[PDB]
DNA sequence: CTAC
DNA sequence: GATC
DNA sequence: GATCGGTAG
Ligand SMILES: [Mn+2]
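Numbering (the authors' numbering), first residue to last: 43 to 318.
This is the structure:
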């Protein structure tokens with residue numbers, strides 16, 4: 043009895059039906075993901091907005107099937123300035139966004155196509171793919187420089203309008219957010235410095251982890267599973283994909299979902315419901 | 001190979 | 001990174 | 001931890 047995602051709750055705390063649906067998903071290779079029929083699932087889940095991480099489509103050529111999407115006509119991308127088939131994000135929307143900007147306004151963090159900010163009417167949606175510290179924590183010191191700058195950026199956005207941050211935030215916040223908590227203290231993605239940075243972002247903006255708010259004690263819930271050692275089969279995974287919301291968006295919160303059965307990548311999709 |  |  | 005160990009560009 044490890045983990046099975048509860049039925050979608052399509053109503054806010056006050057009783058109103060969810061008016062918006064945002065789906066985020068790290069695909070570990072866009073093309074490879076489509077080949078694995080990743081669209082068939084998205085077209086099925088038919089989100090109002092689609093956010094993707096690790097697109098790795100730095101050939102200026104995005105798949106054809108993408109233009110064969112009526113519900114996500116308005117599409118925005120952001121790839122690295124100098125790195126082939128690496129990182130890369132994307133944001134597809136049903137309705138048209140008031141304004142869409144890239145990066146975090148910091149020249150040393152805007153070089154790897156990791157951030158896409160989409161400003162709407164009632165809020166601002168930021169999808170992101172956080173810089174991984176790597177093996178042997180080679181880039182740990184840099185990640186720390188990223189985190190601060192990042193939360194500082196978002197704090198200035200929320201100050202003006204409600205924020206919804208979705209995406210691979212690359213970090214299991216508290217122990218309940220991964221299988222082996224004790225066996226990874228020193229592994230990339232669960233360092234004290236990273237964990238602390240996540241707590242920072244949350245209390246500074248401020249923001250609220252959607253799922254960990256609705257499901258306070260639910261364990262064994264994850265969004266990542268290494269392809270090695272058949273990890274997904276044993277549910278030996280991490281929860282690195284979040285939907286952080288401004289506090290004022292909490293009464294608008296209908297449900298935060300984990301699409302565990304959905305295939306096509308080492309990560310699974312997460313979906314949010316908002317009654318706006 | 002490399003970063004994941 | 002999960003294992004032993 | 002010493003080892004063994006999946007990946008899309
Ligand atoms: Mn990945």
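Where is the CB? At the ideal position from N, CA and C, for every residue including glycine.
* Residue range of the alpha helix (DSSP H) that includes residue 116 -> Position 74 of the first chain, counted from the first residue, corresponds to residue 116. Segment 116–120 is the beta strand (DSSP E) holding residue 116; no alpha helix (DSSP H) there.
* **Alpha-carbon spacing of residue 240 relative to residue 174, whole angstroms** => In the first chain, the residue the question calls residue 240 occupies position 198. In the first chain, the residue the question calls residue 174 occupies position 132. Taking the straight line joining both Cα atoms gives about 14 Å.
* Using 8 Å as the Cβ pair cut-off and three pairs as the minimum, do the segment 134–145 and the segment 271–280 touch? -> no
* **Supposed contact pair residue 204 and residue 290 - C-beta distance, whole angstroms, cut 8 Å** => For the purposes of this step, residue 290 is taken as residue 248 along the first chain, with counting starting at 1. For the purposes of this step, residue 204 is taken as residue 162 along the first chain, with counting starting at 1. Right, their Cβ atoms sit about 5 Å apart.
* Asked: Under a criterion of Cβ closer than 7 Å to any non-hydrogen atom of ligand 1, which residues qualify, in chain order?
  -> 68, 70, 96, 308, 309
* To do: Could you tell me the distance, in whole angstroms, from the CA atom of residue 265 to the CA atom of residue 191?
  => Residue 265 sits at position 223 when you count from the first residue of the first chain. Residue 191 sits at position 149 when you count from the first residue of the first chain. Looking at the two C-alpha atoms, the distance is approximately 25 Å.
* Go to residue 76, then tell me how far its alpha helix (DSSP H) extends in each direction, as first and last residue. => Mapped onto the first chain, residue 76 falls at position 34. Its alpha helix (DSSP H) spans residues 72–77.
* Three-state secondary structure (DSSP) of residue 203 -> Your numbering for residue 203 matches position 161 in the first chain. Residue state, collapsed to three classes: coil.
* **Cβ contact (3+ pairs, closer than 8 Å) linking the segment 204–218 and the segment 62–70** => yes
* To do: Tell whether a beta-carbon distance below 9 Å holds between residue 156 and residue 123.
  => Position 114 of the first chain, counting from 1, holds the residue named residue 156. Position 81 of the first chain, counting from 1, holds the residue named residue 123. The answer is no: Cβ separation not under 9 Å.
* Asked: DSSP on residue 152, reduced to helix/strand/coil?
  -> Translated into the one-based positions of the first chain, residue 152 becomes position 110. Three-state result, residue 152: coil.
* Asked: What are the boundary residues of the beta strand (DSSP E) that includes residue 285?
  -> Taking the first residue of the first chain as 1, we reach residue 285 at position 243. Taken as a continuous stretch (DSSP letters only), the beta strand (DSSP E) holding residue 285 covers 283–287.
* Asked: To the nearest whole angstrom, what separates the beta carbons of residue 185 and residue 154, a pair I think is in contact under 8 Å?
  -> The residue labelled residue 185 in the question sits at position 143 within the first chain. The residue labelled residue 154 in the question sits at position 112 within the first chain. That belief does not hold up - the Cβ atoms of residue 185 and residue 154 are roughly 12 Å apart, past 8 Å.
* Grab the span of the alpha helix (DSSP H) containing residue 87 for me, first residue to last. => Translated into the one-based positions of the first chain, residue 87 becomes position 45. Taken as a continuous stretch (DSSP letters only), the alpha helix (DSSP H) holding residue 87 covers 80–87.
* Asked: Can you tell me whether DSSP reads residue 218 as helix, strand or coil?
  -> As a working mapping, residue 218 is identified with position 176 in the first chain. Residue 218 falls in the helix class under three-state DSSP.
* Asked: CB residue 262 to CB residue 45, shorter than 9 Å?
  -> On the first chain, position 220 is the one that residue 262 refers to. On the first chain, position 3 is the one that residue 45 refers to. Result yes, Cβ atoms of residue 262 and residue 45 sit closer than 9 Å.
* To do: Measure the alpha-carbon distance for residue 277 versus residue 308 and round it to whole angstroms.
  => The residue given as residue 277 occupies position 235 in the first chain. The residue given as residue 308 occupies position 266 in the first chain. Answer to the nearest angstrom: the Cα atoms are 12 Å apart.
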